[PDB]
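The next block holds one structure in the form of structure tokens; read it before the comments.
So basically every Cβ, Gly included, is an ideal-geometry build from the backbone, and we count neighbours across all protein chains shown. Any read-out appearing in this document is the output of simple, stated calculations on the displayed coordinates, not a laboratory observation.
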Amino acid sequence: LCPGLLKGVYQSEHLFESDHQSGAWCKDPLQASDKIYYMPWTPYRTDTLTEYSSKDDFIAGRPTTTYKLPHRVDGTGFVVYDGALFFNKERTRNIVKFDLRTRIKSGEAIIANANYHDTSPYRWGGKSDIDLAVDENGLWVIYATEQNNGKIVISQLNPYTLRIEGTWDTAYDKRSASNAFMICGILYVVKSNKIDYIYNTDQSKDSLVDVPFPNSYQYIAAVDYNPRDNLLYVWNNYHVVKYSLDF
Amino acid sequence: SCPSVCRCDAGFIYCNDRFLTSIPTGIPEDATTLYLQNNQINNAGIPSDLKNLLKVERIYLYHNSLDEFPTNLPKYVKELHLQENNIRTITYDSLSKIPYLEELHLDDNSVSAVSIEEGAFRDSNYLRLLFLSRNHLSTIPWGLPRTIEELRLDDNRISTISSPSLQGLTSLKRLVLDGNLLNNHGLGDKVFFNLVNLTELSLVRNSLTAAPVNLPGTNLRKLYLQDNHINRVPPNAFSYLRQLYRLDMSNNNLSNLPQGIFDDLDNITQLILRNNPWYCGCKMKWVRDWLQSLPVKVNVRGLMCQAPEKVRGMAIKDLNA
Ligand SMILES: *[C@@H]1O[C@H](CO)[C@@H](O)[C@H](O)[C@H]1NC(C)=O
Ligand SMILES: [Ca+2]
């Protein structure tokens, strides 16, 4: 159910300060659970995901389990969707489908013509060349192609068949993006500061915007949208925090 | 100021993914970072004029036709990515063209034991990172720079290790040796002993049949030994490793532990011991007492009885006799 068009993004919660500056975190928005999955960023060394049972046990640093991934991960673009994790295998444009329950990779898919490995990462870098996003429409891949001149390119990706189901060329440069996320098939480009660009895929149309985005700390590592409780899960310079959204 | 084929933007030259067998000659002198991966570039496609780009600091050349180590590179390159290439010979000449190199990745190449000209690294004195993941190394090179701080030799065929290979690498901090064919006789006497600043030791997925002794405890925080076939643990294996706060030994053939080996693991935090065939005899009673005396801070996993059958699956700290 579309929450609406985004009017504003504001900080809500501050969970703790982690010991890693970059990383990412989110929930499975398609599971009715308080499970939190946690992946800190170390370049060339990232191949694990730690699962937490609740929000309070997360802050206490009380993990449920740890998942050893079949491949390394490039950047903080990972995503969890319906009991299955999706991430970018190091030095490749390949997204890995990873079933959490049976603990096996169940598949893989190539994201056509994507620049990768700090060829078109985000502003802060860290192999952010590929960022995954979840919204009301399904599973997406945000990247930059050398044909589209390093500017953000989005594709809709089938989470079960791993087929690319459509593509849109935008006008915002991915090296400029501090991060990004999807809502109702609407792209939200962060600069850090501001959301200063959006792309509405339904119309295959974009528009320049000007919605505030908290500069609480400088190093915005990751920004992932959540359609369940309609929140942002953000990692900004060692800090694990939540942002509330205004519709 | 850029070639027609590639696209340049504020120091960043994008020549990647263009079926390049050869590097363009018309290049911006104010160049900073280069993208040449995913081309067909071999060693002859390197111009001599390329050397004069004194401001280039990072070069990505993975997945090309470099069939050996490249020359005529920007004198002041700090990052080099040569993975997914067909590299074989490595001369002193080749490395000396970039002594101001700091970070080197050679994953997915065809480099072997002797394939490196002896004393090649005697010139690259800025070299701090080294990646030999997935090569064809049968042993470890002797003439490695002291400035080396990390060393990845995962997924090679390493079976034997001489002492003066690793001695002299006091700047070494992390030592990764996954997927190699290492046995206890293949180990040097005090080959790890001199790595004073060593922090991580990862020896996952080898053929070790015992815990290694003579480990440096000066800075060792994390010690990895999973997926091995270890039977014994020598009483002095974990001696003086007092800064060790992590140690993993999952998937081994360990039944029993000798008395009082963890007395020296003062700063331990995490001890994972999964998938081991623990027998609970009078030899195992010392563990139970030690577990109860332990501060609540330290977490331990996989420590449950498989033998005898009567108490199989049962937590060791809970048993009477
Ligand atoms: C370890 O690292 C420190 C960094 O301060 C350096 O000064 C020292 O030379 C290195 N080696 C030893 C043995 O301390
Ligand atoms: Ca994102």
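Explain nothing, just the number: relative contact order of chain B, from Cα pairs under 8 Å at least 6 residues apart, as a whole percent.
Computed value for chain B: 7 percent relative contact order.
Pulled fully out, how much extra length does the chain show between residue B:259 and residue B:312, if you take 0.36 nm times their separation in residues and subtract their Cα-Cα distance?
On the way: separation 53, 0.36 × 53 = 19.08 nm, distance 2.22 nm.
The span from residue B:259 to residue B:312 would gain 16.9 nm if fully extended.
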(request) Kindly write out, for segment A:83-99 in residue order, the coupling ³J(HN,Hα) from the Karplus curve 6.51 cos²θ - 1.76 cosθ + 1.60 (θ = phi - 60°), rounded to whole Hz, with x marking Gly and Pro. (result) x, 10, 8, 10, 8, 9, 5, 3, 6, 9, 9, 9, 9, 9, 8, 10, 6
(message) On a full-extension model of 0.36 nm per residue, what is the gain between residue B:25 and residue B:93, subtracting their alpha-carbon distance, rounded to one decimal in nm?
(response) 22.2 nm
(request) For chain B, with a Gaussian network of springs between Cα atoms less than 10 Å apart, report the residue from B:212, B:145, B:258 with the top mean-square fluctuation. (result) B:258
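Per residue of chain A, what 222 nm ellipticity follows from adding -39500 (n - 2.57) for every DSSP H run with n ≥ 4, rounded to the nearest 500? Write down the numbers at each step before the final one.
On the way: 1 runs with 5 residues, N = 247.
Only helices count here, giving -500 deg cm²/dmol.
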(message) Can you compute the charge dipole magnitude of chain A about its Cα centre, using +1 on each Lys and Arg Cβ and -1 on each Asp and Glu Cβ, nothing else charged? Give it in debye, rounded to the nearest 20.
(response) 500
(message) As a test of the formula, what do you get for chain B when each DSSP H run with n ≥ 4 contributes -39,500 (n - 2.57) and the sum is divided by the residue count, at 222 nm and rounded to the nearest 500 deg cm²/dmol?
(response) -1000 deg cm²/dmol
(request) Taking 7 Å along the Cα-to-C-beta vector as the label spot, tell me the residue A:45-residue B:170 distance in nanometres, rounded to one decimal. (result) 2.3
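What percent antiparallel are the DSSP beta bridges of chain A, to the nearest 5? Spell out each step's value before the answer.
Values: 79 of 79 bridges.
Counting DSSP beta bridges with both partners in chain A, the antiparallel share is about 100 percent.
Give me the percent of DSSP beta bridges within the protein assembly as shown that run antiparallel, rounded to the nearest 5. Don't skip to the answer; put the middle values down first.
Details: 83 of 123 bridges.
Rounded to the nearest five, the antiparallel share is 65 percent.
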(request) Quick one: pull the percentage of alpha-carbon pairs in chain B with a separation above 35 Å. (result) 36
(message) Could you list A:167, A:161 so that the one with the fewest beta carbons within 10 Å of its beta carbon is first and the one with the most is last?
(response) A:161, A:167
(request) Sort out for me the Cα centre separation of segment A:23-74 from segment B:78-117, rounded to whole Å. (result) 36
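Antiparallel DSSP bridges in chain B: what percent, to the nearest 5?
Details: 4 of 44 bridges.
Antiparallel bridges make up about 10 percent of those DSSP assigns within chain B.
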(message) With no other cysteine's Cβ closer than 4.7 Å, which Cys residues of chain A count as lacking a disulfide-compatible partner?
(response) A:26
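To make sure I understand, if each residue's beta carbon is the centre and we count other beta carbons within 10 Å, what order do B:149, B:118 fall in, fewest to most?
Working: B:149 19, B:118 11.
With the fewest neighbours first, B:149, B:118 line up as B:118, B:149.
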